[PDB]
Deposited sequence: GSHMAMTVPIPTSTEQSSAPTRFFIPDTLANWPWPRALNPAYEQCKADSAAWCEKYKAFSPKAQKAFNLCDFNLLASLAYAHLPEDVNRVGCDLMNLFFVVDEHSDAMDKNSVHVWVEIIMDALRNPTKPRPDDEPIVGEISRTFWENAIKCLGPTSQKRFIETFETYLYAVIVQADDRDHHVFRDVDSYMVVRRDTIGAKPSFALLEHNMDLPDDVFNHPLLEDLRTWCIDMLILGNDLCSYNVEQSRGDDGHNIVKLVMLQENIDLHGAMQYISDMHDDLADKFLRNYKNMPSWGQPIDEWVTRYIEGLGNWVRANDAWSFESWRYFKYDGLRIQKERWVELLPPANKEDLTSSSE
């Protein structure tokens, strides 16, 4: 009747941190989004109660104000894309991103103008590398989530390959590069790829752990890693939570074993790499903090559950 969500981040070295502009950033991004009147009534309640501004302000806590605002707009845009969610539709979004100063046709879905004004504002605080990184990764995200949604698992490892692109971590990480100029030889260095990949997988586990209760009550858990593990390893729910707790521990341990062992390029690259890795580590904390403080997964019991870990299995809806 109840299951114990493992305390995977109990000793994680990055503490919960909140951007000081949360309140302002929240009120601005909410206004910018909601002036388009583009959410249904059901969606508006979700948008508000999920507080993607909180998610963003936790993730970008140590970043400047205007980037934090971009992060707020990005998280809200993720919702907009979901809510308004094929090749022509995504090509509208990409074309707005590619041409921020181009007037969007009057007979086009409003996501084109929302995407445009988002990027118009973003390029005022994301340097050219961060810009280039976001456009590349965001396109891959859109194709992964939208264009391939129709056609869309052998095992858990093949789920994690697809989910590394559908969760949207990679475009969110581009904002960490706002005032960085990491050359391709640094960003794709094998150790840094490993650290990034381990953080993304930890993000995946955490979100599936927290969405699982609601998803199973509705029969929507087919792609949740909890369910996938149960089927692959022939184990119950409690055994699945232990298995995923172990899997998360191995990832965290690999990160801890390595994140201070990056090689040295000289300055200013070494300081960039250090701050970028700080941003990866804080991302794992921020996602988890938000997953419990938000209404999204636990409604109004999340803070209690974060401390106590026991969750009541919801009955079939």
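- Sequence ranges 1 to 20, 106 to 112, 180 to 183, 349 to 358 have no coordinates in this entry (deposited sequence, numbered from 1, C-alpha basis).
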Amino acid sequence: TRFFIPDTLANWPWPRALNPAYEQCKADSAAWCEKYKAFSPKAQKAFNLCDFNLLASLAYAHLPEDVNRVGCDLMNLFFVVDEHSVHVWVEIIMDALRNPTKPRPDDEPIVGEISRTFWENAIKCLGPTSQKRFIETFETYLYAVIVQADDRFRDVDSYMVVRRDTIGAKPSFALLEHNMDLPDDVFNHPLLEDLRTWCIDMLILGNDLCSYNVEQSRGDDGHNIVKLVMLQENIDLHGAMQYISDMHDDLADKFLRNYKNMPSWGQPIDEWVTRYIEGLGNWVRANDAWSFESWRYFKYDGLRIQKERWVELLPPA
From here on, numbers count along this sequence of modelled residues.
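- Annotation for 21 to 29 versus 295 to 303: the higher mean temperature factor (C-alpha) is found in 21 to 29.
- Per-stretch averaging of Cα B factors for 158 to 166 and 198 to 206 places 158 to 166 on top.
- Highest C-alpha temperature factor among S217, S85, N224, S245, as the PDB entry reports it: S85.
- Residue-level inspection of the entry shows that, of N287, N48, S57, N261, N48 has the top Cα B-factor.
- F118: CA B factor in the middle third of modelled residues in this chain (values from the PDB entry).
- Split the chain's modelled residues into thirds by C-alpha temperature factor. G239 is in the middle one.
- Placement of the Cα temperature factor of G279 within the chain: lowest third of the modelled residues, per the deposited record.
- Sort the chain's modelled residues by C-alpha temperature factor and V80 lands in the middle third, per the entry.
- Ranked by Cα temperature factor within the chain, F173 sits in the lowest third according to the deposited record.
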